[PDB]
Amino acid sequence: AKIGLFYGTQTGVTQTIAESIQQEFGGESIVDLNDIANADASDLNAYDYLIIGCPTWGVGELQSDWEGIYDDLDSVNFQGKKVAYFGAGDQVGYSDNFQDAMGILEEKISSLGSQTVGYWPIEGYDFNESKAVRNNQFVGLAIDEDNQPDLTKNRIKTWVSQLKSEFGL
């Protein structure tokens, strides 16, 4: 597929969101799903369009599989590649670290010559601080199954429509 989606998950939510995103794009012919736990950093080189999914755990920390491959990211060819991001978080229980993991990954990957695409509005959420927020907007899709599960389906629909316009679809 032209789009490679790499996700990490601890309690399965980010994987379910990833599957939904793949479905919304049109399925396997359009988006390849890859669990970062079973990947080598070089696997990301096979795609020119990437989607990076990761939930936040601990206190604003990267999900363990992403944490484990983080130091290898600088060896990947991200030069001129368009990269989108999504994450699962809990804005009520972790208002000061909402979606910090997505922010950490974008901050690292965007510093490696890539182009972040898929910015998302912060207005549909209530939180205090987030490393995923730059210039008053999220660096990618923020999903909250703990507090806003009813909004997930339409958020994904909206975001994917937005991304197609930015991914050549």
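The numbering used is simple: start at 1 and walk along the sequence shown.
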Looking at the deposited entry, does 139-147 or 37-45 carry the larger mean Cα B-factor? 37-45
Would you determine, from the values in the PDB entry, which of 107-115 and 52-60 has the greater average C-alpha temperature factor? 107-115
The residue of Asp100, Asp126, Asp65, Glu28 with the maximal C-alpha B-factor according to the PDB record is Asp126
Can you tell me whether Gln23 has a C-alpha B-factor in the lowest, middle or highest third compared with the other modelled residues of the same chain? highest
Ranked by Cα temperature factor within the chain, is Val133 in the lowest third, the middle third or the highest third? highest
